[PDB]
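Q: Have a look at this one.
Read-outs: derived from the displayed coordinates by stated rules, not from any lab. Cβ: placed from backbone, ideal geometry, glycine included. Neighbour counts: every protein chain shown.
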Amino acid sequence: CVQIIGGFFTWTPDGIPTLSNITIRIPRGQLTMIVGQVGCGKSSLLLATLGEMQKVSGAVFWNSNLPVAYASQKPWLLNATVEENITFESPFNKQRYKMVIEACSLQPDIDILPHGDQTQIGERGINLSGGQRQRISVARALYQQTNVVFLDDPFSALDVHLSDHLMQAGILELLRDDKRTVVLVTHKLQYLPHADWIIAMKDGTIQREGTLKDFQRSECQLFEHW
């Protein structure tokens, strides 16, 4: 459903766009990775997907501007209970909540929280770690049950075992996704064979998009194996 054609993206509308004539489309149900070095513009690419850059030219269809879930690079938590940080203006369902709590490894966090899910977190509350905050943001997105999910490098702030957790629960999130589109930007090559497509970024531009064989022709797939 998403169509982006020749799209141009900026960090600052006072200057020249950082990304020029970017064209890719995300049909519903696609699994799409976005990869590249730290600072190559992946977060900026997600901002372009959110319409937060300056479009010099081109066509963009996201279906949300017709008369969407988000995982930010830096986690944002409301000053509230952990429970309300999970619900994020939604009704409470406790199978969905149970699945989110288990899937986001939040039982050990709740177990060390003074009031479990009723522990006040965020500003003036319990000081969650950056990884716990990231897992909370992921759980909020999974709980929202949106048709489209944008995950910005979601395992950067988590451990290897937690990366395995995010692997296993993502693999049971896409299955949980009843045909839904899930876009997982990531900096890691560990699970890039296990999604459908990768977008490789460098210097604010897209260098290549394509298959494993395509990325062998890119002479990147071996580097990704490393």
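Q: Determine the calculated [θ] at 222 nm for the chain from helices alone, applying -39500 (n - 2.57) to every DSSP H run no shorter than 4 residues and normalising by the residue count; nearest 500 deg cm²/dmol. Intermediate results must be reported in sequence, preceding the final value.
A: Numbers: 8 runs with 68 residues, N = 226.
Rounded to the nearest 500, it is -8500 deg cm²/dmol.
Q: Roughly how big is the range 1-105's charge dipole about its Cα centre, with Cβ charges of +1 (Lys, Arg) and -1 (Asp, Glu), in debye to the nearest 20? Before the final figure, lay out the partial values.
A: On the way: 8 positive and 6 negative charges, 67 e Å.
Magnitude of the dipole: close to 320 debye.
Q: How many angstrom lie between the Cα centre of the range 99-116 and the Cα centre of the range 127-164?
A: Computed from Cα coordinates, the inter-centre distance equals 13 Å.
Q: In the chain, what is the count of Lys pairs whose alpha carbons are under 18 Å apart, counting only pairs at least 8 residues apart or on separate chains?
A: Numbers: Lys42/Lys55; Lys42/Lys74; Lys42/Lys188; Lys42/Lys202; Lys74/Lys188; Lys188/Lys202.
So the count works out to 6.
Q: Under the Karplus relation 6.51 cos²θ - 1.76 cosθ + 1.60, θ = phi - 60°, what is the ordered set of whole-Hz ³J(HN,Hα) values for the range 159-166, x standing for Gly and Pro?
A: Listing the rounded values in order: 5, 4, 5, 5, 4, 4, 4, 5 Hz.
Q: Put +1 on the Cβ of each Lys and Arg and -1 on the Cβ of each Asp and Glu in the range 1-135; which of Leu66, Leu47, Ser20 then has its Cα farthest toward the positive end of the dipole?
A: Checked the options; the winner is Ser20.
Q: Output wanted: per-residue J couplings in Hz (rounded whole) for the range 118-133, from phi through Karplus 6.51 cos²θ - 1.76 cosθ + 1.60, θ = phi - 60°, x for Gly and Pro.
A: Working through the residues one at a time gives 7, 4, 5, 10, x, 4, 6, x, 5, 8, 6, 5, x, x, 4, 4 Hz.
Q: Note down the magnitude of the dipole of the chain about its Cα centre, charges +1 on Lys and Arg C-beta and -1 on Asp and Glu C-beta and zero elsewhere, to the nearest 20 debye.
A: Working: 20 positive and 23 negative charges, 94 e Å.
About 460 debye.
Q: Between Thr23 and residues 5 or more places away or on another chain, which pairs have amide H atoms under 5 Å apart, with H built 1.01 Å from N, and which residues are they?
A: HN-HN under 5 Å from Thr23: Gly6, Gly7.
Q: Something else about it: Tally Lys/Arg at +1 and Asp/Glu at -1 over every other residue whose Cβ is under 13 Å from the Cβ of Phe92; what's the total? If you can, show how the numbers build up before the last one.
A: Working: positive: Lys94, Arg96, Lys98; negative: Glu83, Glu84, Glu89, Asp117.
Counting the neighbours of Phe92, the net charge comes to -1.
Q: Moving to a separate point now. Could you give each residue of the range 214-226 its phi-based ³J(HN,Hα) in whole Hz, using Karplus coefficients 6.51, -1.76, 1.60 with θ = phi - 60°, and x for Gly or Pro?
A: Each residue's phi maps through the Karplus curve to give 4, 7, 5, 5, 5, 6, 10, 4, 5, 4, 5, 5, 5 Hz.
Q: Over all distinct Cα pairs, what is the inverse of the mean 1/r for the range 130-180, reported as the Kirkwood hydrodynamic radius in Å?
A: Details: mean 1/r = 0.0886 Å⁻¹.
Every distinct Cα pair counted, the radius reaches 11.3 Å.
Q: Let me ask something else about it. What's the center-to-center distance, using Cα atoms, between the range 182-223 and the range 44-68 in Å?
A: Centre-to-centre (Cα) distance: 22 Å.
Q: Find out how many positive minus negative residues lie around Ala169, taking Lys and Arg as positive, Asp and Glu as negative, among other residues whose Cβ is under 11 Å from that of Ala169.
A: -1
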